[PDB]
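For reference, the structure is listed below as structure tokens.
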Amino acid sequence: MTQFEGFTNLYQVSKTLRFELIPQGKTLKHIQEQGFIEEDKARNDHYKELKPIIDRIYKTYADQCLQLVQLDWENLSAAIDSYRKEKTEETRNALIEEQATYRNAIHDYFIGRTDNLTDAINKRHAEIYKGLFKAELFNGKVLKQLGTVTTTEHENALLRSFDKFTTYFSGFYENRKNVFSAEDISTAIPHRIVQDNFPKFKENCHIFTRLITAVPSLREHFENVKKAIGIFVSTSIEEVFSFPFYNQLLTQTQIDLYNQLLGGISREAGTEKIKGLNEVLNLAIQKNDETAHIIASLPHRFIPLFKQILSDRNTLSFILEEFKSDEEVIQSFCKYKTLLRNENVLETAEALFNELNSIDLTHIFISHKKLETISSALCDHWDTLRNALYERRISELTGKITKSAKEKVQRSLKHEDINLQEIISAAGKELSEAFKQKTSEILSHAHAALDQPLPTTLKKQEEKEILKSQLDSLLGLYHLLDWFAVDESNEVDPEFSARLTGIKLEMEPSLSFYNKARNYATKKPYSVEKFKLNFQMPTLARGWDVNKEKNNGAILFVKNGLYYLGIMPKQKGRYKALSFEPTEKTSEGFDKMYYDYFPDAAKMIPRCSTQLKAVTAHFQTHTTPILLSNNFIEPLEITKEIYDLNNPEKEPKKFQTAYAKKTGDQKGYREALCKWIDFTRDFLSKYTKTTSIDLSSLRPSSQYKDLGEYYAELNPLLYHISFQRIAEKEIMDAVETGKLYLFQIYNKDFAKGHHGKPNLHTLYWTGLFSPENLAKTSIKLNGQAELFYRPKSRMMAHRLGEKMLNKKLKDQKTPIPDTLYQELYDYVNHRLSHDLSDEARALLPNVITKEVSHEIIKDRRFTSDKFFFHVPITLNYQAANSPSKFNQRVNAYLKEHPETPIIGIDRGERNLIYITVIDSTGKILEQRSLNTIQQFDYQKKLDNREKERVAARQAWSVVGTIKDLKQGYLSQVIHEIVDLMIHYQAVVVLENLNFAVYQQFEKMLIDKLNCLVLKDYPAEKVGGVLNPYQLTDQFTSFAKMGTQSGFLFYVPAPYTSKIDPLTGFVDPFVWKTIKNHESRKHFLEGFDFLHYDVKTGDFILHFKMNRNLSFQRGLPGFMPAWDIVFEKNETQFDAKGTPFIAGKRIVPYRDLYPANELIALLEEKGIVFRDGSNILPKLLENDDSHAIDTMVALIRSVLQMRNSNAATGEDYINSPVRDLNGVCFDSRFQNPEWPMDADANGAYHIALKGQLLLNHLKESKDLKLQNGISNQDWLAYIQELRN
RNA sequence: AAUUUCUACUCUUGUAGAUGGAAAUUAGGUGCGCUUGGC
DNA sequence: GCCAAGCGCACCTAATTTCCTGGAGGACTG
DNA sequence: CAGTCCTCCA
Ligand SMILES: [Cl-]
Ligand code: NA
Ligand code: NA
Ligand code: NA
Ligand code: NA
Ligand code: NA
């Protein structure tokens, strides 16, 4: 029966290993002498130049084809709707197949097989497409079929720089096939049209229809927005939101226009922007009138379309020009400062503002658009000035002060510019003082800016800061002058207005200078990157096979446990085999690898037999057999039956499974399969590369049930590695003459002083070449390896006479906090320029310092030029390339192991990751925040690093990365979770994110569990390098992933945190529906009673689940009724003796004590309650709307079981119901058997949703897990278990 | 405070854990500036 | 001061596709 | 023309 250790050898997994290459002997001298590195750098530069030129072909051809497309989209819309309505596997597969049909319909324009075009157009498209993804791109013929464009002399020079080297673009050809493909892939144009953009467009049509039906005036507003922007002039707004128009939204220029209909168009900074549809809808909603509420109740924002693949983005909005050099910025700005000094702008400003101390301020106006900005800059609140003006005007109203009259005043303050005197009269004399102080500050800073010289360059950050500081100062004055109203309607002071307008015009360039300087100063400087090496060989390291060593140029050696890469360049322009001679293993030398590989038999056997040019030709005019002798030890016969079998008039081929599905003719399928397999055996016995391979371990041909099973057993026999000794002198002579470039393949596990455990990747590599792996392949060495040169890129070091400081104290446990560490490091190195702090001096006797016995240099690896080697490998080589029924295999194990434990993993409000381990019946075994891992607080480090990056962006300084820190943290999390999973043999349950540290964790966890090696395991145990664990399903993409990946499950997050762990109770009410006095009264009427319990001092509020249904979330759960408790607010103590108050709530933030507040309420009302009588009828019959509102707010507070206060560290769960043993859960008791806080409660219930899935799997007769967990099924399940 | 590379380290000229590359594309985010508005 | 809808710029981050090849085939050489 | 070696098929 099933065994946890059986989750091994299930599917092949590919990885890349990376090593440094250390040149040996004269290798580096020869490489430098030959100029290979400079030549490889030039080739990479030429590629970078030539790629955008070649992409003109693809862009132009794709755009020309897409302009012809005209499809009917009704069927795709119908399949989308049916899947959304039904949400079944049947309607999902219908949509998937409909999407394929539409993608193919688009693709048929590219390849010229669409009925919607003529034969002549289709034929030219086929001729173009035939040469789009090979070296025919380079001859320029396709240019004639696309337009009148021809190549410039510089372009021809780039093209000829790849003569006899166009295979440098081989990968690029594949990247472009990914653009035009009809497959369901995100890189491709058909996918982009069918699955990204059409659903968005379809939804926009629906949004439009609902909006203009409800509010018909929106139709005219939308039409006028379209007319005002001047786009789609020939199409009515209705037609823009109808399916046929989508055929006009497939090219980028059209997509850009549509998105600008939605988003509007900006001109230069500081001028009014042209509004699009979404702004019009937003403004209509912010009017807050009756129509606003209606619009707000409907979907009210249109969805922009994604860009078309490869296409250039265009915009109608204004684009600033760019500064191009340090000297352009500094000189241009310095000229501008000089003009401002000459124009006397600052003296004029100072004189204008000084005039405000004596001129008539009733004719100086503040812009109503600026009043809240000014209030924030001058007062203590953004609304201080608005409220003051409101209060003053209220006190000036004549007669009775109506609500309407007060509203009129409020409206006026949004529509009218305010004279400065009214502001001063309304706000008081302290407003004038703040005004004076702000003006003096702004002017004084602008002054110091005009006087201070600019730096010579912008190379140092301190020089950038001078530039930014002066721009900040002039922008401040620019902002200040814009405080004053510009509208012609105001009775402006004429001389003051003309003077203010003058210096404003002179200040207008400041805004453009500000943005232009930022856009330049914040550009990232040119950086050193590694580049690919070819040594002038187009297929360098493309494969390792013995027969191609001369042409691929690459071989491998082992000597004394060290590994070497040998590169064999051309000799005087010609390839020359080195012909190393095997010798006795007694001879001193190197072991050279001999690699034999006949690639994927599914493609390679047809390529070398049935698909030969002479065979295909023969079977057009003949039915007789043809016999092949070239590279066959005895002739291989090809019959018409065999040929037809692999070349059917129409797919599928008869020996594939698809033929047995579609036809249902199993006698024929099993006949064809046996015949084709027999043919491959005939081929393999005769082809010179394979004739010596012993294939007797394969089963009789008839016994294979399908071809993939046969190839999965065949392919491991077609790959072999062995070694032969090569004499020392032959290798050293070859390096001396320059026929062999020899590099040690290096990482630090090969260092002389190495003595610890190796990296996993080193174990993969030494495992690959171990005797056991050579005898039976678990790990294959793959071709398509790559070599790189990385020029140095850094110049901080611990010099020899200095001291180093351990981060941990003498006890080797306690870390030194960051601020003390730097101070103590300076102190012990006699570089502290001040007193040691008290705490640092207290730590001083317990620090550990190290004498620098040998220089240790930060970034040392980046401070010299290096060579690198990237080499792919494949693990689990005995398995098929993809698993069959992985999840069912796991589920069979899980049904046979009903005691399997469960690891729940949650993302928390105050915890990056929180884990709870439960046994199979829900008992908590372990629970733990992972903010801190081994005394390092990654939570704090990440938060600090993000604050640094924000401050850096604001300061125009180097931002740097946070991804490397996130990955370092997550690798520690991975290590911990995997260790728990292996120790417990547990399932792991994560949040289903369809309901960033946590999402990145999910992918790394899945990926680790596709191929899990534990470096301490013996190689031959499951989990050792030659028998990796495989516990998750093969990863392909997140979008293509269900709710199960082997031992990993995904569950919805709702009702996992705000749920009582002892009962499964959740707050059933939707508080947005309890709005006003009448519904509040109905809400209280829906409870059976509220009464005081004199025995305990609690209040009990009895609720039956079938009452108050209009206020409920529609989730009755399992219990017919609940006793909601107002807990007596008494002192309790946790496990450590710390007090807390029972029943406390944290509400928006104050502490609230509901039982005590209820008592105070009842005593205020004179309502008798100590007799146990029902309180609710007394409140209801008395009908005090404030008392009733307080009652309902108290009920809402009691039902708020999660209570958090970031300032006190509180984040607890206190249930409002008692469980079957009388207990009201409170996490503040800190009972380690229950969730210790709210995030732990979330992880606990995440795990229990996994338990629900395992329980239902157990009770089912199949091996399929249920897809999804509805909220009601979850609540009924968990409440039934707990009650 | 050394690295294939990342993170955390320093008994140890190195230690612990992680690490699928390259190409191509697309999406999103942060920050700054600006527009019309809401509070 | 915060927020909504939106436009411009700077750089950072992550997801999703492909390949992980020997030898047939023929263009280019001398 | 025969040998070389870049290109790209299956
Ligand atoms: Cl929740
Ligand atoms: Na190690
Ligand atoms: Na990559
Ligand atoms: Na942005
Ligand atoms: Na604004
Ligand atoms: Na914005």
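Excluded from the calculations below are hydrogen atoms, water molecules and symmetry mates; all remaining heavy atoms, backbone and side chain alike, are included. Letters A, B, ... mirror the listed sequences (proteins, then strands); counts begin at 1.
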- Message: Need one value for A:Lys858: base, sugar-phosphate or nothing, where a base atom within 4.0 Å counts as base even if backbone is also close, heavy atoms only.
- Response: sugar-phosphate
- Look at all strands and tell whether A:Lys947 reaches a base, only sugar-phosphate, or nothing, counting heavy atoms closer than 4.0 Å. nothing
- Query: Cation over ring, A:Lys464 on A:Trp956, under 6.0 Å and within 45°?
  - Reply: no
- Check the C1'-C2'-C3'-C4' sign on C:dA10 and let me know if the sugar comes out north or south. north
- Message: If stacking means ring centres below 5.5 Å and interplanar angle below 30 degrees, are the neighbouring bases C:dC12 and C:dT13 stacked?
- Response: yes
- Message: For a quick check, tell me whether the side chain of A:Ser971 and the base of B:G17 share a donor-acceptor pair closer than 3.5 Å.
- Response: yes
- Under 4.0 angstrom, heavy atoms only, what part of the nucleic acid is A:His975 near: base, sugar-phosphate, or nothing? sugar-phosphate
- Counting only side-chain N and O atoms of A:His754, is one of them less than 4.0 Å from OP1 or OP2 of B:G14? no
- Do A:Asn278 and C:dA5 share a donor-acceptor pair, side chain to base, under 3.5 Å? no
- Message: I'd like to check, for A:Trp382, whether its ring lies over the base of B:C39 with centroids under 5.5 Å apart and a plane angle smaller than 30°.
- Response: yes
- Message: Determine whether the aromatic ring of A:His870 stacks with the base of B:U4, defined as ring centroids separated by less than 5.5 Å and ring planes inclined by less than 30°.
- Response: no
- Task: In whole angstrom, give the distance that lies between atom CG of A:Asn515 and atom P of B:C32.
- Result: 13 Å
- Message: Does a side-chain N or O of A:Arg860 approach OP1 or OP2 of B:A2 to a distance below 4.0 Å, or not?
- Response: no
- State whether A:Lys808 places a side-chain N or O below 4.0 Å from either non-bridging phosphate oxygen (OP1 or OP2) of B:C9. no
- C1' spacing across the pair C:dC12 / B:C9, given as an integer number of angstrom: 28 Å
- Donor-acceptor side-chain pairing of A:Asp749 and A:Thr762 below 3.5 angstrom: yes
- Is the shortest side-chain N/O distance from A:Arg574 to OP1 or OP2 of C:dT29 below 4.0 Å? no
- Would you indicate what A:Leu760 reaches in the nucleic acid, counting non-hydrogen atoms under 4.0 angstrom: base, sugar-phosphate, or nothing? base
- Task: Can you tell me the distance, in whole Å, between the NZ atom of A:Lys464 and the P atom of C:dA10?
- Result: 13 Å
- Within the pair A:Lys780 and C:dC20, is there a side-chain N or O less than 4.0 Å away from OP1 or OP2? no
- Just checking A:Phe788: base, sugar-phosphate only, or nothing, at a heavy-atom cut-off of under 4.0 Å? sugar-phosphate
- Query: Is there a residue in residues 539-547 of chain A whose heavy atoms reach under 4.0 Å of DNA chain D, and which residues are they?
  - Reply: A:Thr539, A:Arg542
- Message: Defining pairs by Watson-Crick or G-U wobble geometry with both distances under 3.5 Å, how would you list the stems of RNA chain B with at least three pairs each?
- Response: B:5-9 with B:14-18, B:20-39 with C:1-20
- Item | Under 4.0 angstrom between A:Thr373 side-chain N/O and C:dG1 OP1 or OP2 | no
- Task: Identify, with sequence neighbours excluded, every residue that meets side-chain contact (heavy atoms from CB on, under 4.5 Å) alongside A:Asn881.
- Result: A:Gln12
- Message: Is a donor from one side chain sitting under 3.5 angstrom from an acceptor on the other, for A:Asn806 and A:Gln812?
- Response: no
- Query: A:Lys963 near the nucleic acid: base, sugar-phosphate alone, or nothing, with a heavy-atom cut-off under 4.0 Å?
  - Reply: sugar-phosphate
- Message: At less than 4.0 Å, is any side-chain N or O atom of A:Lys748 found next to OP1 or OP2 of B:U3? Yes or no.
- Response: no
- Would you say the base of C:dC12 and the side-chain of A:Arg953 have a donor-acceptor pair closer than 3.5 Å? no
- Message: For A:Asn759, I need the groove its side chain contacts, counting base atoms closer than 5.0 Å. Major or minor?
- Response: major
- Where does the sugar of C:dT18 land, north (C3'-endo side) or south (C2'-endo side), based on the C1'-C2'-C3'-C4' torsion? north
- Item | A:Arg301 vs C:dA4: side-chain N/O to OP1/OP2 distance below 4.0 Å | no
- Could you work out the separation of B:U4 and B:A18 based on their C1' atoms and round it to a whole Å? 13 Å
- Message: Using a 4.0 Å heavy-atom cut-off, does A:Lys468 contact any base of the nucleic acid, only the sugar-phosphate backbone, or nothing at all?
- Response: nothing
- Message: Using Watson-Crick or G-U wobble geometry with both distances under 3.5 Å, which nucleotide pairs with D:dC8?
- Response: C:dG23
- Query: Quick check, are the ring centers of A:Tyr563 and A:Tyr746 under 6.0 angstrom apart?
  - Reply: no
- Look at all strands and tell whether A:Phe869 reaches a base, only sugar-phosphate, or nothing, counting heavy atoms closer than 4.0 Å. nothing
- Query: In residues 163-176 of chain A, what residues come within less than 4.0 Å of RNA chain B, judged by heavy atoms?
  - Reply: A:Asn175, A:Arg176
- Is it true that the side chains of A:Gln308 and A:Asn197 contain a donor and an acceptor less than 3.5 Å apart? no
- Where does the sugar of B:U35 land, north (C3'-endo side) or south (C2'-endo side), based on the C1'-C2'-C3'-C4' torsion? north
- Under 4.0 angstrom between A:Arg861 side-chain N/O and B:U3 OP1 or OP2: yes
- Stacked, yes or no: B:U30 with B:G31, six-ring centres under 5.5 Å, planes under 30°? yes
- Identify whether any heavy atom of A:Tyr520 sits under 4.0 Å from a base atom; if not, whether one sits that close to sugar-phosphate; answer base, sugar-phosphate or nothing. nothing
- Task: For A:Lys51, check side-chain contact (heavy atoms from CB on, under 4.5 Å) against everything at least two apart and list the hits.
- Result: A:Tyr47, A:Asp55, A:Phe172, A:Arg176
- Query: Looking for any heavy atom pair under 4.0 Å, which part of the strands does A:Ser14 touch: base, sugar-phosphate only, or nothing?
  - Reply: base
- Item | Neighbour stacking check for B:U10 and B:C11, 5.5 angstrom and 30 degree cut-offs | no
- Message: Measuring to OP1 and OP2 of C:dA15, would you say a side-chain N or O of A:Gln999 lies under 4.0 angstrom away?
- Response: yes
- Gap in Å between the two P atoms, one belonging to B:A16 and one to B:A2, rounded: 16 Å
- Look at A:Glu279 together with A:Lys273 and state whether they make a salt bridge at an N to O cut-off of under 4.0 Å. yes
- Message: Does B:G37 have OP1 or OP2 under 4.0 Å away from a side-chain N or O of A:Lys370?
- Response: no
- Task: Can you tell me, in whole Å, how much space there is between the P of B:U15 and that of B:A27?
- Result: 45 Å
- Query: Do A:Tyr938 and A:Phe936 make the cut of ring centroids closer than 6.0 angstrom?
  - Reply: yes
- Sorted by number, the residues of residues 600-609 of chain A with heavy-atom contact under 4.0 Å to RNA chain B: none
- Within the pair A:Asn178 and B:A24, is there a side-chain N or O less than 4.0 Å away from OP1 or OP2? no
- Query: Does a distance-only test, which skips hydrogens and angles, find a donor-acceptor pair under 3.5 Å between the side chain of A:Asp1007 and the base of B:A18?
  - Reply: no
- Message: At 4.0 Å (heavy atoms only), tell me whether A:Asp196 reaches a base, stays on the sugar-phosphate, or touches nothing.
- Response: nothing
- Item | First of A:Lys177 and A:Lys576 reached from the 5' end of DNA chain D, by closest nucleotide | A:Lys576
- Task: Please state whether the phosphate of B:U15, meaning OP1 or OP2, lies under 4.0 angstrom from any side-chain nitrogen or oxygen of A:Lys757.
- Result: no
- Sugar-phosphate only, base, or nothing, as touched by A:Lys866 at under 4.0 Å among non-hydrogen atoms: nothing
- Query: Do B:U4 and B:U5 pass the stacking test of six-membered ring centres within less than 5.5 angstrom and planes tilted under 30 degrees?
  - Reply: yes
- Reckon A:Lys307 has a side-chain N or O less than 4.0 Å from the OP1 or OP2 of B:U26? yes
- Using a 4.0 Å heavy-atom cut-off across all strands, classify A:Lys1040 as base, sugar-phosphate, or nothing. sugar-phosphate
